[PDB]
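**Student:** Sharing a structure with you now.
Each answer follows from the model by the rule given with it, or from the source it names; no laboratory instrument gave them. Backbone-built Cβ (ideal geometry, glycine too); neighbour counts: all protein chains shown.
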Amino acid sequence: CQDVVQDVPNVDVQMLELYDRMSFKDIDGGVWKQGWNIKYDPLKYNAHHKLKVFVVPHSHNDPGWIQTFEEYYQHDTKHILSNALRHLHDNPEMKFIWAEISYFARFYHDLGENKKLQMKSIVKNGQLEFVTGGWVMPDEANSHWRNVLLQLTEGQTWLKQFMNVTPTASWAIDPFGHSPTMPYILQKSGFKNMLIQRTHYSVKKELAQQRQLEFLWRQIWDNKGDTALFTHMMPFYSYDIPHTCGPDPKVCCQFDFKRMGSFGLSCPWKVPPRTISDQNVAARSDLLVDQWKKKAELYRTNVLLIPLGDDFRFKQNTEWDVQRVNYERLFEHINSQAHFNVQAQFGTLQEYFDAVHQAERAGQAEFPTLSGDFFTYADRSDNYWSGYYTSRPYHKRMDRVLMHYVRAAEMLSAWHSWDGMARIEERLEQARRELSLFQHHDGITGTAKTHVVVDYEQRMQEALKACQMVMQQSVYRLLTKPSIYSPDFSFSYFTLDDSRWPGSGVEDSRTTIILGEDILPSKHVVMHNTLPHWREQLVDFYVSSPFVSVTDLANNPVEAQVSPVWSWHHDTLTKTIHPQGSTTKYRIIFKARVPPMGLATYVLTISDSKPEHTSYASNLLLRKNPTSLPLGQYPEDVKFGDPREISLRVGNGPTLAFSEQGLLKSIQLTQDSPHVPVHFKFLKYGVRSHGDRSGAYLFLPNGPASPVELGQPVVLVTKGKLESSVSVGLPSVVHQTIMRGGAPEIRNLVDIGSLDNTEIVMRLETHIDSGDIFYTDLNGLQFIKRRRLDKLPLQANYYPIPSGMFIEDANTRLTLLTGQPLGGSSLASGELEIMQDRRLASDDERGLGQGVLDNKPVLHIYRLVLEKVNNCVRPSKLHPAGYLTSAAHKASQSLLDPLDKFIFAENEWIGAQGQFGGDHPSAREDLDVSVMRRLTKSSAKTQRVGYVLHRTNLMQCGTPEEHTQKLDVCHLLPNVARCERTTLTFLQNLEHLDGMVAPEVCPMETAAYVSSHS
Ligand SMILES: N=C(Cc1ccccc1)N[C@H]1S[C@H](CO)[C@@H](O)[C@H](O)[C@@H]1O
Ligand SMILES: *[C@H]1O[C@H](CO)[C@@H](O)[C@H](O)[C@H]1NC(C)=O
Ligand SMILES: [Zn+2]
């Protein structure tokens, strides 16, 4: 196993180092506005060394953006694919590449058998080639690597089954900035090459000058280079035709033959394309070949890639003709004019890469090695695309909730083979596809029009319902005596109870467990733990009485705590934000203990008075001018007081001190230690009154954030033996700090309401001497070192915070983990900040044509971990990566993959069992079974189950942590007959395993295994 901490990789280009060096001046470079006037030596190419040019036709089809997926499919995409089939069928030499499988699959299933066969034929023969092959071309900033793999697998599994092909080349021309998580997953999925386009204009300029636009992209911690994937970065401002034939768009635009007038398009540089004829072909070729040779100077081989396409292109047959015919005339002339020393033709993306590597093997070029990422992107001047790291935060949070439910549903149902009737495969496929669709770079990014965001949301809602159905049928089967099990596949044996989604204050959707001497004395609840280690976690349920006690199924008492059900109300009358307690519903809380990848059943029973093992929390409302807060049968009266500082300590954990406004001010780790200053503060960013305006994509602040005026907010303090919390009703946010004995959980109920042109940021102020360094994660997969650069505007120092960020000095670290991707930064030494929501009245000129005014209440969740790191073995100062501690990592898992909760629906559960999975191995803490998925339907004689295993890397800080068992996923199901290591999509077997044992993986590695069962 490679050491991912102690050996700083040696690479030709390290992006953090490059950023430290670059000056980022935005000067007018001439026709290539962001470059320079490229010059070349005419004699470079000759009879014995020609420039091979591949023109690659393509059509960018957004699975939703300005229209919904189905609207674009009906108005554009089905015609584009229908005409592509006809045109490629009839013109053997024409080529075309396709990226979005969601659309292709929608199209193909609608084709008649005759057409499906013609389609398979132009794919089989090389004319139509799939690039990447994912359900979509995903966002790379907000997406979790697990969902990037999910969508890739969804498109590629469809391609293998119906087109009998698996792309090995990736095409990512539109995500706003690029992540090394992509080559990470692709290289482990059989890929050999990839292409990216949206990187900072200064980076393009810099790498172009060094001919470093093509590179072997390895992971920041990879000393050996085995994770390397060949990458081609496009050099210009756009992938449209004007910015793909060469440096001068005024000239390239003349070679987009769709812009002559009848299609309603034209060249903004004021020179239109002209039909190619025998009289102008030599002059037109002179111009085109000169652009081609200029572009060729930016790369190292004599093989040139010329993409030919734009959004939803190649729709009309007349379009196919006008582009194909004119280019064929150009090629016939150019290829027969020896003096150009050029051989040009239509080609696919794989063709370009194969030729490039043949040049490389001929000793024609050596390529530089590179590590780092390509965030934050700016397409021009100070227009940095850091706004979309936060846009439509409700759906960014929904993404993570669905991410988990998909995993839990696939895992819970994978244990058994199911009758087709049960519609398990059916519900799982819909759930994977709706979550996969949302990975699109206009889905999770929050950059779609309002009615499209609504479409993604309704699709995810149906996916959530599908997961619940599969999960609850699975639990009923796993915990019912087999000879008693009698399933009705349409019936709801259990209801899922989710405490954080939509969240209290967002939607009253949780059911109350109604108990009573005259109706029902008790109720069974069951917890699922998708993680492969034993886990304890507090769980809560709403109950109709405070007099409830918990027992496990052996009837052992379980200590519990009852607290009121508090809801906050913006009182339109008194003009204050204050809480009201329920007099009919109460929260019962207790610690559940659950086997690795297993289930644990508990029973809640009512009594007519206080149960021996249930305690009741005290509640204290701090505000001036209080009114009574009756709590029905709740046994402890609410206390009142004037606002004042408060301190709280649950169990042995930290002691937290809060200001009189209910905000954290210090954290004391142990009884003796100092009260470390850690202050939460909420501020607001505005929008510029003159100049470029912030929108769904761009963050263009009118300077540093300004403190929000808090007034004297109402603060609610609840103190219990198992859980305590402090909640304050701020304007736009009900901020809650919850304590259970470890690092606190922070929840923000964010309702930016009608505050126009405002971005609300949550900031942490500490005295940690972090200087200009901070760390953020990439796709929930790895943490990369960031360096605040004062030479760049504030918005450029904002980065995606898909799951966590931290700052540290020699002794102390503060880590903030998230349950949703948001944008954030560390704008001053000792600080961390993360945007909560943004509401913008203006469009930011990137084509969306609207501002962001569809905000809705969202419940953001976090874990805040303060730790001493002076004893931790950390990477050297020159290493570009950072790593979590065991506590920070478990905290992230508590947010992303919590215990699932199920409430039995009927009065009596006959045949109920107390636990499932007690014999599953409890793996080492840094290992996770990211995916468990049965890959065969019940009619398959040989059943197959796929597993994706990921091992993260945690810092060694002196905690002995031992006694765990080896996890061999191939033996989790009985009767194993074979075990294979496969690509991460499960589509190709890479290794037949001895003894049918799946070895565990190395730190930061991810492997897939498929076990076969007789
Ligand atoms: N990039 C194009 C092609 C193009 C459009 C206009 C001018 C030049 C080239 N289109 C992008 S632009 C848009 C962000 O601005 C993005 O969210 C959307 O998914 C799309 O496909
Ligand atoms: C696709 O599968 C393999 C891959 O090459 C080969 O038999 C041939 O190309 C195709 N045959 C089919 C339809 O399986
Ligand atoms: Zn796009």
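**Student:** Filter region 863-892 down to residues that are surrounded by fewer than 20 Cβ atoms within 10 Å (Cβ to Cβ) and among the polar types (S, T, N, Q) and give me whichever is nearest to the chain's Cα centre (by Cα).
**Tutor:** Per the criteria, the residue is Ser886.
**Student:** Kindly list, by first and then second residue, each pair from a residue in region 819-848 that is closer than 18 Å to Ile752 by Cα and within 16 Å of ligand 1 (Cβ to nearest atom) to a residue that is not charged (D, E, K, R) and not in a loop (DSSP other than H, G, I, E, B), limited to pairs with Cβ atoms under 6 Å and residues at least 6 apart or on different chains.
**Tutor:** These pairs meet every condition: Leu840/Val852.
**Student:** Out of all the residues in region 512-531, is one or more within 25 Å of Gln965 (Cα to Cα), part of a loop (DSSP other than H, G, I, E, B) and out of contact with any helix residue (DSSP H, G or I) (no Cβ under 8 Å at 6 or more places or on another chain)?
**Tutor:** Checking region 512-531: not a single residue is within 25 Å of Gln965 (Cα to Cα), part of a loop (DSSP other than H, G, I, E, B) and out of contact with any helix residue (DSSP H, G or I) (no Cβ under 8 Å at 6 or more places or on another chain).
**Student:** Within region 352-370, is there a residue that is within 26 Å of the chain's Cα centre (by Cα) and in the same structural domain as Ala282 (by CATH)?
**Tutor:** yes
**Student:** Grab the strands (runs of 3 or more DSSP E) fully contained in region 135-240, keeping just those with 2 or more residues being surrounded by fewer than 21 Cβ atoms within 10 Å (Cβ to Cβ) and within 16 Å of ligand 3 (Cβ to nearest atom).
**Tutor:** Where strands (runs of 3 or more DSSP E) fall fully within region 135-240, none carries at least 2 residues being surrounded by fewer than 21 Cβ atoms within 10 Å (Cβ to Cβ) and within 16 Å of ligand 3 (Cβ to nearest atom).
**Student:** Suppose we filter region 418-460 for residues that are away from ligand 3 (no atom under 15 Å from the Cβ) and closer than 16 Å to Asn855 by Cβ; how many remain?
**Tutor:** 5
**Student:** Those residues that are more than 17 Å from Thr301 (Cα to Cα), of a type outside the set (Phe, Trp, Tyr) and part of a strand (DSSP E or B), I need them from region 346-370; list them, please.
**Tutor:** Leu370
**Student:** Here's something else I'd like to know. I'm checking my understanding of the structure. Among residues of region 45-104 that are away from ligand 3 (no atom under 15 Å from the Cβ), assigned to a loop (DSSP other than H, G, I, E, B) and in contact (Cβ under 8 Å) with a residue 24 or more places away in the chain, which one is farthest from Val852 (Cα to Cα)?
**Tutor:** Step by step, filter region 45-104, then rank; the result is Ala47.
**Student:** Sticking with this one: Could you list all residues from region 965-982 that are assigned to a strand (DSSP E or B), of a type outside the set (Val, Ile, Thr) and within 28 Å of the chain's Cα centre (by Cα)?
**Tutor:** Answer for region 965-982, where residues must be assigned to a strand (DSSP E or B), of a type outside the set (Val, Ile, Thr) and within 28 Å of the chain's Cα centre (by Cα): just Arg981.
**Student:** Could you tell me which residue of region 753-778 is farthest from the chain's Cα centre (by Cα), considering only residues that are among the acidic types (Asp, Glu) and surrounded by 23 or more Cβ atoms within 10 Å (Cβ to Cβ)?
**Tutor:** So, considering only residues that are among the acidic types (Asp, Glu) and surrounded by 23 or more Cβ atoms within 10 Å (Cβ to Cβ), the one farthest from the chain's Cα centre (by Cα) is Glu759.
**Student:** Oh, and also: Pairs, please: C-beta under 6 Å, at least 6 apart or cross-chain, first residue hydroxyl-bearing (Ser, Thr, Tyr) and in region 166-179, second within 16 Å of ligand 3 (Cβ to nearest atom) and not in a strand (DSSP E or B)?
**Tutor:** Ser170/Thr132; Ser179/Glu140
**Student:** If you don't mind, there's one more thing I want to ask. Restricting the search to region 872-887, which residues are over 22 Å from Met15 (Cα atoms) and touching a strand residue (DSSP E or B) at 6+ places or on another chain (Cβ under 7 Å)?
**Tutor:** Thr885, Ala887, listed by residue number.
**Student:** Hey, does region 898-913 have a residue that's among the small types (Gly, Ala, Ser) and not assigned by CATH to the domain that holds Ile589?
**Tutor:** No; the residues of region 898-913 include none that is among the small types (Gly, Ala, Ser) and not assigned by CATH to the domain that holds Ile589.
**Student:** Still on this structure: In region 311-320, what residues are touching a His at 6+ places or on another chain (Cβ under 8 Å) and away from ligand 1 (no atom under 16 Å from the Cβ)?
**Tutor:** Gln316, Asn317, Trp320
**Student:** For the list (1) of a type outside the set (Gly, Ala, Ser); (2) farther than 28 Å from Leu749 by Cβ; (3) surrounded by fewer than 22 Cβ atoms within 10 Å (Cβ to Cβ); (4) touching a residue at least 60 places away in the same chain (Cβ under 8 Å), I need the number of the one condition that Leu781 fails.
**Tutor:** (3)
**Student:** Right, here's the next one. List, please: which pairs have Cβ atoms under 7 Å, are six or more places apart or on different chains, and start with a residue in region 352-371 that is crowded, with 18+ Cβ neighbours inside 10 Å and end with one that is among the hydroxyl-bearing types (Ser, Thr, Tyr)?
**Tutor:** Hits for this filter: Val356/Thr301.
**Student:** Something else about it: Name the single residue that is nearest to ligand 1 (Cβ to nearest atom) among those in region 55-78 being within 24 Å of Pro242 (Cβ to Cβ) and touching a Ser or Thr at 6+ places or on another chain (Cβ under 8 Å).
**Tutor:** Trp65
**Student:** Okay, next question. Looking at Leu749, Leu792, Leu755, can you tell me which residue is assigned by CATH to the domain that holds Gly824, under 17 Å from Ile834 (Cβ atoms) and among the hydrophobic types (A, V, I, L, M, F, W, C)?
**Tutor:** None of the other options fit; the residue is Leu749.
**Student:** Please determine whether any residue of region 160-176 is under 13 Å from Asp373 (Cβ atoms), among the hydroxyl-bearing types (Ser, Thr, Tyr) and not assigned by CATH to the domain that holds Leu792.
**Tutor:** No, the conditions are met nowhere in region 160-176.
**Student:** Turning to a different aspect of this structure: I'm trying to understand the selection: among the residues of region 751-771, which are part of a strand (DSSP E or B) and β-branched (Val, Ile, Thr)?
**Tutor:** Once the filter is applied, which keeps residues that are part of a strand (DSSP E or B) and β-branched (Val, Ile, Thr), region 751-771 yields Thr758, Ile760, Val761, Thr766.
**Student:** Within region 434-489, track down each residue that is among the β-branched types (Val, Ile, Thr) and within 16 Å of ligand 1 (Cβ to nearest atom).
**Tutor:** Passing the criteria: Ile444, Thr445, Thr447, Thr450, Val452, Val453.
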